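Have a look at the structure below, then the notes.
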Amino acid sequence: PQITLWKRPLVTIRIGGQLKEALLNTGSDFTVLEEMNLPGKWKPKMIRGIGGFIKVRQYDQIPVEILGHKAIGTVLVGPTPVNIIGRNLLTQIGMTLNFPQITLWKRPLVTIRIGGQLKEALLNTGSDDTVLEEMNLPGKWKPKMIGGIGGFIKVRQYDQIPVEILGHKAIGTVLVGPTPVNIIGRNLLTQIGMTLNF
Amino acid sequence: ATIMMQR
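Chains L and Y, in that order, are what the protein sequence lines are.
First residue of the first sequence? That's 1 in my numbering, and the numbers climb one at a time after it.
First residue of the second sequence? That's 199 in my numbering, and the numbers climb one at a time after it.
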């Protein structure tokens, strides 16, 4: 199958007869499910994203059915808005990014060109928007706030910025602010014709 | 783990 990035790549998953909506997230090393009871031992862990860290419980060897595929591996449980299917399980069910083909065994980091500069950024199907670490871009910008861990984070919003990604030109909105990693979100992934596929 | 989600 093929899954478009026009919208959030949400899929219903099932864990032990519990059915939950989850986001297919190439920007996530791990799978993070909203608070639920799971059987077995777990250990506390801290995971990072935009906004900071949240404390989760790490359960190993949890079966998760995803679009008719059986994944089994580590599931982190904690206070998240959206169930996130990360690369640990995506790789197991054979998910790839395509536009050529990019596998998910490693972080899907690519070189982009923006403002004459080369930067490394993460292809992130779990992000609506493209967010870069602090830099100077030419043009007007608007103050914007985006939702993070612990609350809203302040960013600068630049519109109609040319970005070259994997030999493809995009022109679109780039947010600049305190992200742990440069992320290419669905706004630009769609422009370069990226889809998720098994 | 780095878990990058953004809305």
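For each residue, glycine too, the CB sits at the ideal point set by N, CA and C.
Check                                                                                                                   : Outcome
Top-ranked residue by Cα proximity to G78(L), from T125(L), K45(L), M194(L) and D159(L)                                 : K45(L)
Length of the line joining the Cα atoms of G139(L) and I72(L)                                                           : 48 Å
Closer than 7 Å to chain Y by CB, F53(L)                                                                                : no
First through last residue of the beta strand (DSSP E) which encompasses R14(L)                                         : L10 to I15
Residue-chain proximity (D128(L), chain Y), Cβ-Cβ < 7 Å                                                                 : yes
7 Å Cβ cutoff, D29(L) in contact with chain Y                                                                           : yes
Partners in chain Y for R57(L), counting only beta-carbon separations shorter than 8 Å                                  : Near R57(L) there are no residues of chain Y at all, since even the closest Cβ is about 13 Å away, more than 8 Å.
Sufficient close CB pairs (3 or more, under 8 Å) joining the stretch 157-170 of chain L to the stretch 27-38 of chain L : no
Range of the contiguous alpha helix (DSSP H) that encloses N187(L)                                                      : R186 to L189
At least three beta-carbon pairs within less than 8 Å, the stretch 143-151 of chain L to the stretch 180-187 of chain L : no
Whole-angstrom distance between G147(L) and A121(L), CA atom to CA atom                                                 : 20 Å
Burial state of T80(L) (16 or more Cβ within 10 Å)                                                                      : buried
Every unbroken beta strand (DSSP E) inside the stretch 32-116 of chain L [3 residues or more]                           : 43-49, 52-66, 69-77, 83-85, 96-98 and 109-114
Where the beta strand (DSSP E) through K144(L) begins and ends                                                          : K142 to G148
Residue environment, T125(L), which counts as buried when at least 16 other CB atoms sit within 10 Å                    : buried
Beta carbon of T12(L) nearer than 7 Å to that of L19(L)                                                                 : yes
Given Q2(L) as reference, the closest of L67(L), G51(L), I114(L) and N83(L) once Cα atoms are compared                  : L67(L)
Under 7 Å between C-beta atoms of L196(L) and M95(L)                                                                    : yes
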